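Student: Quick one: the structure is below, and I'll ask about it shortly.
Residue numbers (the authors' numbering): 1 to 56.
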């Protein structure tokens with residue numbers, strides 16, 4: 001029950017927006033979250049759910 005790249009940079013932005021960062025980067029990660037998760041879909045979450053994944 002783990003997700004590499006998707007979590008990898010997923011948290012990167014999560015930390016950025018937490019410590020106050022640019023939206024451009026936060027959304028950038030949001031994408032890697034939706035994109036990477038789609039690549040992931042191994043056998044745990046299927047299109048893993050990181051945190052943002054294009055959160056509104």
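Note that the Cβ used here is the ideal one computed from N, Cα and C, for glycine as well.
Whose C-beta lies closer than 6 Å to the C-beta of residue 5 among residues of the same chain, with five residues either side of it excluded?
Tutor: Only 36 meet the Cβ criterion.
Student: Spell out a yes or no on whether the stretch 17 to 26 and the stretch 35 to 49 are touching, meaning 3 or more CB-CB pairs, one atom from each, closer than 8 Å.
Tutor: No, the stretch 17 to 26 does not touch the stretch 35 to 49.
Student: So what does DSSP say about residue 44, is it helix, strand or coil?
Tutor: Correct three-state label for residue 44: coil.
Student: Under 8 Å by Cβ, that's how I've got residue 30 and residue 52 pegged, so tell me the actual separation to the nearest angstrom.
Tutor: Confirmed, Cβ separation roughly 4 Å.
Student: Which residues in the same chain as residue 69 place their Cβ atom closer than 7 Å to its Cβ, once the five residues preceding and following it in sequence are excluded?
Tutor: Outside the modelled stretch of the chain, which goes from 1 to 56, sits residue 69, for which no answer is possible.
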